[PDB]
>>> print(open('model21.pdb').read())   # PDB, C-alpha atoms (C1' of nucleotides)
MODEL        1
ATOM      1  CA  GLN F   1      -5.039  12.361  44.422  1.00  0.00           C
ATOM      2  CA  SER F   2      -4.832   8.738  45.513  1.00  0.00           C
ATOM      3  CA  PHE F   3      -3.042   6.331  47.806  1.00  0.00           C
ATOM      4  CA  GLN F   4      -2.006   4.328  44.733  1.00  0.00           C
ATOM      5  CA  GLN F   5      -2.868   3.906  41.083  1.00  0.00           C
ATOM      6  CA  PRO F   6      -6.078   1.895  40.543  1.00  0.00           C
ATOM      7  CA  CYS F   7      -6.118  -1.205  38.359  1.00  0.00           C
ATOM      8  CA  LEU F   8      -8.729  -3.153  36.386  1.00  0.00           C
ATOM      9  CA  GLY F   9      -8.038  -6.451  38.137  1.00  0.00           C
ATOM     10  CA  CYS F  10      -4.322  -6.754  37.362  1.00  0.00           C
ATOM     11  CA  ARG F  11      -1.614  -4.231  38.138  1.00  0.00           C
ATOM     12  CA  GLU F  12      -0.507  -4.023  34.503  1.00  0.00           C
ATOM     13  CA  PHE F  13      -3.908  -2.504  33.564  1.00  0.00           C
ATOM     14  CA  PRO F  14      -4.058   1.093  34.812  1.00  0.00           C
ATOM     15  CA  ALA F  15      -7.456   2.766  34.999  1.00  0.00           C
ATOM     16  CA  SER F  16      -8.409   6.380  34.386  1.00  0.00           C
ATOM     17  CA  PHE F  17     -11.181   7.705  36.589  1.00  0.00           C
ATOM     18  CA  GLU F  18     -13.346  10.758  37.149  1.00  0.00           C
ATOM     19  CA  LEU F  19     -15.983  12.076  39.535  1.00  0.00           C
ATOM     20  CA  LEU F  20     -19.511  12.732  38.282  1.00  0.00           C
ATOM     21  CA  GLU F  21     -21.931  15.513  39.218  1.00  0.00           C
ATOM     22  CA  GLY F  22     -24.795  14.782  36.841  1.00  0.00           C
ATOM     23  CA  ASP F  23     -27.123  12.174  35.409  1.00  0.00           C
ATOM     24  CA  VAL F  24     -26.183   8.759  34.042  1.00  0.00           C
ATOM     25  CA  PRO F  25     -25.920   8.904  30.223  1.00  0.00           C
ATOM     26  CA  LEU F  26     -27.572   6.277  28.074  1.00  0.00           C
ATOM     27  CA  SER F  27     -25.775   3.044  27.272  1.00  0.00           C
ATOM     28  CA  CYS F  28     -25.550   0.394  24.575  1.00  0.00           C
ATOM     29  CA  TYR F  29     -27.894  -2.170  26.158  1.00  0.00           C
ATOM     30  CA  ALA F  30     -30.217   0.365  27.789  1.00  0.00           C
ATOM     31  CA  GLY F  31     -33.129  -1.285  25.968  1.00  0.00           C
ATOM     32  CA  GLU F  32     -32.125  -4.925  26.501  1.00  0.00           C
ATOM     33  CA  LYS F  33     -32.272  -7.598  29.179  1.00  0.00           C
ATOM     34  CA  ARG F  34     -29.549 -10.234  29.284  1.00  0.00           C
ATOM     35  CA  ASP F  35     -28.778 -13.119  31.636  1.00  0.00           C
ATOM     36  CA  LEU F  36     -25.334 -13.933  33.032  1.00  0.00           C
ATOM     37  CA  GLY F  37     -25.900 -16.746  35.513  1.00  0.00           C
ATOM     38  CA  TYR F  38     -24.216 -17.068  38.877  1.00  0.00           C
ATOM     39  CA  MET F  39     -21.087 -15.059  39.620  1.00  0.00           C
ATOM     40  CA  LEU F  40     -18.849 -14.235  42.558  1.00  0.00           C
ATOM     41  CA  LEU F  41     -20.173 -11.735  45.108  1.00  0.00           C
ATOM     42  CA  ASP F  42     -17.445 -11.439  47.749  1.00  0.00           C
ATOM     43  CA  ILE F  43     -15.147 -13.381  50.076  1.00  0.00           C
ATOM     44  CA  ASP F  44     -15.831 -13.967  53.771  1.00  0.00           C
ATOM     45  CA  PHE F  45     -12.522 -13.483  55.561  1.00  0.00           C
ATOM     46  CA  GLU F  46     -14.062 -14.311  58.941  1.00  0.00           C
ATOM     47  CA  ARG F  47     -15.066 -17.774  57.695  1.00  0.00           C
ATOM     48  CA  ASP F  48     -11.452 -18.555  56.798  1.00  0.00           C
ATOM     49  CA  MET F  49     -11.776 -16.910  53.388  1.00  0.00           C
ATOM     50  CA  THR F  50     -14.967 -18.598  52.186  1.00  0.00           C
ATOM     51  CA  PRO F  51     -16.541 -17.289  48.953  1.00  0.00           C
ATOM     52  CA  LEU F  52     -20.143 -16.346  48.214  1.00  0.00           C
ATOM     53  CA  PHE F  53     -22.245 -16.302  45.047  1.00  0.00           C
ATOM     54  CA  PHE F  54     -25.404 -14.712  43.688  1.00  0.00           C
ATOM     55  CA  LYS F  55     -27.517 -14.733  40.538  1.00  0.00           C
ATOM     56  CA  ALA F  56     -26.771 -11.896  38.116  1.00  0.00           C
ATOM     57  CA  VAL F  57     -29.155 -10.525  35.486  1.00  0.00           C
ATOM     58  CA  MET F  58     -28.253  -7.457  33.431  1.00  0.00           C
ATOM     59  CA  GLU F  59     -31.157  -5.256  32.379  1.00  0.00           C
ATOM     60  CA  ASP F  60     -31.099  -1.676  31.119  1.00  0.00           C
ATOM     61  CA  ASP F  61     -27.304  -1.744  31.530  1.00  0.00           C
ATOM     62  CA  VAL F  62     -27.644  -1.674  35.337  1.00  0.00           C
ATOM     63  CA  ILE F  63     -26.943  -4.310  37.989  1.00  0.00           C
ATOM     64  CA  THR F  64     -28.179  -4.485  41.591  1.00  0.00           C
ATOM     65  CA  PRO F  65     -26.419  -7.181  43.619  1.00  0.00           C
ATOM     66  CA  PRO F  66     -27.784  -8.084  47.054  1.00  0.00           C
ATOM     67  CA  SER F  67     -26.071  -6.782  50.167  1.00  0.00           C
ATOM     68  CA  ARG F  68     -22.932  -8.802  50.897  1.00  0.00           C
ATOM     69  CA  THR F  69     -23.132  -8.067  54.635  1.00  0.00           C
ATOM     70  CA  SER F  70     -26.647  -9.478  54.959  1.00  0.00           C
ATOM     71  CA  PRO F  71     -26.650 -12.641  57.114  1.00  0.00           C
ATOM     72  CA  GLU F  72     -29.079 -14.442  54.802  1.00  0.00           C
ATOM     73  CA  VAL F  73     -26.545 -13.973  51.998  1.00  0.00           C
ATOM     74  CA  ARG F  74     -23.903 -15.571  54.225  1.00  0.00           C
ATOM     75  CA  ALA F  75     -26.037 -18.726  54.492  1.00  0.00           C
TER      76      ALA F  75
ATOM     77  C1'   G J   1      -3.574   1.651  55.917  1.00  0.00           C
ATOM     78  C1'   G J   2      -6.077  -6.062  55.798  1.00  0.00           C
ATOM     79  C1'   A J   3      -7.267  -8.927  51.916  1.00  0.00           C
ATOM     80  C1'   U J   4      -9.199  -5.887  43.325  1.00  0.00           C
ATOM     81  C1'   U J   5      -9.169 -15.581  42.946  1.00  0.00           C
ATOM     82  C1'   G J   6      -4.935 -10.370  44.408  1.00  0.00           C
ATOM     83  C1'   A J   7       0.150  -9.545  45.517  1.00  0.00           C
ATOM     84  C1'   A J   8       5.983 -12.004  41.748  1.00  0.00           C
ATOM     85  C1'   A J   9       6.219 -14.040  36.249  1.00  0.00           C
ATOM     86  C1'   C J  10      11.424 -12.855  28.857  1.00  0.00           C
ATOM     87  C1'   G J  11       9.670 -16.822  23.630  1.00  0.00           C
ATOM     88  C1'   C J  12      14.337 -17.468  24.409  1.00  0.00           C
ATOM     89  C1'   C J  13      19.049 -19.276  22.837  1.00  0.00           C
ATOM     90  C1'   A J  14      21.348 -19.870  16.096  1.00  0.00           C
ATOM     91  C1'   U J  15      21.626 -21.631  10.840  1.00  0.00           C
ATOM     92  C1'   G J  16      24.761 -19.936   2.638  1.00  0.00           C
ATOM     93  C1'   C J  17      19.448 -20.398  -2.500  1.00  0.00           C
ATOM     94  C1'   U J  18      23.276 -22.962  -3.556  1.00  0.00           C
ATOM     95  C1'   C J  19      26.093 -25.271  -7.674  1.00  0.00           C
ATOM     96  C1'   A J  20      25.604 -23.845 -14.629  1.00  0.00           C
ATOM     97  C1'   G J  21      23.406 -23.398 -19.550  1.00  0.00           C
ATOM     98  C1'   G J  22      24.579 -20.227 -27.728  1.00  0.00           C
ATOM     99  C1'   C J  23      18.453 -16.387 -30.040  1.00  0.00           C
ATOM    100  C1'   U J  24      19.888 -19.270 -33.164  1.00  0.00           C
ATOM    101  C1'   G J  25      20.194 -20.699 -38.088  1.00  0.00           C
ATOM    102  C1'   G J  26      18.554 -16.920 -43.793  1.00  0.00           C
ATOM    103  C1'   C J  27      15.570 -14.091 -47.342  1.00  0.00           C
ATOM    104  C1'   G J  28      16.505  -8.734 -54.670  1.00  0.00           C
ATOM    105  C1'   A J  29      12.374  -2.132 -53.488  1.00  0.00           C
ATOM    106  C1'   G J  30      11.483  -4.410 -57.723  1.00  0.00           C
ATOM    107  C1'   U J  31       9.145  -3.713 -62.216  1.00  0.00           C
ATOM    108  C1'   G J  32       8.464   2.010 -66.035  1.00  0.00           C
ATOM    109  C1'   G J  33       6.785   7.155 -67.614  1.00  0.00           C
ATOM    110  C1'   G J  34       8.524  14.205 -73.272  1.00  0.00           C
ATOM    111  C1'   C J  35       8.231  20.650 -68.968  1.00  0.00           C
ATOM    112  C1'   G J  36       5.681  21.067 -72.802  1.00  0.00           C
ATOM    113  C1'   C J  37       2.737  24.064 -76.238  1.00  0.00           C
ATOM    114  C1'   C J  38       4.226  30.488 -78.210  1.00  0.00           C
ATOM    115  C1'   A J  39       4.983  35.880 -77.758  1.00  0.00           C
ATOM    116  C1'   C J  40       8.793  43.400 -81.393  1.00  0.00           C
ATOM    117  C1'   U J  41      12.580  47.141 -76.709  1.00  0.00           C
ATOM    118  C1'   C J  42       9.449  49.912 -79.302  1.00  0.00           C
ATOM    119  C1'   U J  43       7.690  54.682 -80.317  1.00  0.00           C
ATOM    120  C1'   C J  44      11.561  61.050 -81.154  1.00  0.00           C
ATOM    121  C1'   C J  45      14.305  64.284 -79.259  1.00  0.00           C
ATOM    122  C1'   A J  46      21.149  71.119 -82.961  1.00  0.00           C
ATOM    123  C1'   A J  47      27.518  70.458 -81.233  1.00  0.00           C
TER     124        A J  47
ENDMDL
END
>>> encode(input="model21.pdb", output="structure tokens")
Amino acid sequence: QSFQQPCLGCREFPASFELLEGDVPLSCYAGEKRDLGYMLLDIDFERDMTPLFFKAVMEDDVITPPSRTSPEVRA
RNA sequence: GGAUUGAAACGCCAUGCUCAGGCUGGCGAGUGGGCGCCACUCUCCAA
């Protein structure tokens, strides 16, 4: 059940979803490290819709962005 | 029930492969070769 159909960025791209109750399976780049550079983190609506950025590095097919609520990120 | 750099967003309207041209002219299956050599219807049964 859902409030509305999810989308992959644009409404014309519906997304199928499922809930997991197990371990994360292996992935294509599980054994690789790859750099992506800076990318968007989130938008600050309080600061009249001001964006934020962070440095992204993909390793072992997992990503760990910093906390977007942290004040030091807001700086 | 606020906010997926998001919420809305036609590649669309229409146009002849057309007009026409001889597979033709002509060439001998033709020359010639024995079915031959020879062989008993024959032995006996009154009207």
>>> residues_around(input="model21.pdb", residues="stretch 18-31 of chain F", least_positions_apart="6", cutoff="10 Å", atoms="all atoms listed in the file", output="PyMOL selection string")
chain F and resi 58-62
>>> write_last_selection(input="model21.pdb", atoms="C-alpha atoms", output="PDB file, in the frame of the given file")
ATOM      1  CA  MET F  58     -28.253  -7.457  33.431  1.00  0.00           C
ATOM      2  CA  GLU F  59     -31.157  -5.256  32.379  1.00  0.00           C
ATOM      3  CA  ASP F  60     -31.099  -1.676  31.119  1.00  0.00           C
ATOM      4  CA  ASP F  61     -27.304  -1.744  31.530  1.00  0.00           C
ATOM      5  CA  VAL F  62     -27.644  -1.674  35.337  1.00  0.00           C
TER       6      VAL F  62
END
>>> interface_residues(input="model21.pdb", of="chain F", to="chain J", cutoff="8 Å", atoms="all atoms listed in the file", output="list in words")
residues 7, 8, 9, 10 and 45 of chain F
>>> write_last_selection(input="model21.pdb", atoms="C-alpha atoms", output="CSV table (one decimal), in the coordinates of the input")
chain,number,residue,atom,x,y,z
F,7,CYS,CA,-6.1,-1.2,38.4
F,8,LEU,CA,-8.7,-3.2,36.4
F,9,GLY,CA,-8.0,-6.5,38.1
F,10,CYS,CA,-4.3,-6.8,37.4
F,45,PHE,CA,-12.5,-13.5,55.6
>>> resolve_selection(input="model21.pdb", expression="the PyMOL selection byres ((chain F and resi 52) around 7)", output="VMD selection string")
chain F and resid 40 to 43 50 to 51 53
>>> atom_distance(input="model21.pdb", atom1="atom CA of residue F:70", atom2="atom CA of residue F:36")
22.4 Å
>>> atom_distance(input="model21.pdb", atom1="atom CA of residue F:2", atom2="atom CA of residue F:14")
13.2 Å
>>> atom_distance(input="model21.pdb", atom1="atom CA of residue F:32", atom2="atom CA of residue F:67")
24.5 Å
>>> closest_residue(input="model21.pdb", among="F:12, F:5, F:17, F:71", to="residue F:44", atoms="all atoms listed in the file")
F:71
>>> residues_around(input="model21.pdb", residues="residue F:66", least_positions_apart="3", cutoff="10 Å", atoms="only C-alpha atoms (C1' of nucleotides)", output="NGL selection string")
:F and (41 or 54-56 or 63 or 69-70 or 73)
>>> axis_aligned_box(input="model21.pdb", around="stretch 33-42 of chain J", padding_each_side="4 Å", output="AutoDock Vina command-line options")
--center_x 7.7 --center_y 28.5 --center_z -74.5 --size_x 17.8 --size_y 50.8 --size_z 21.8
>>> closest_residue(input="model21.pdb", among="F:74, F:57, F:6, F:46", to="residue F:33", atoms="all atoms listed in the file")
F:57
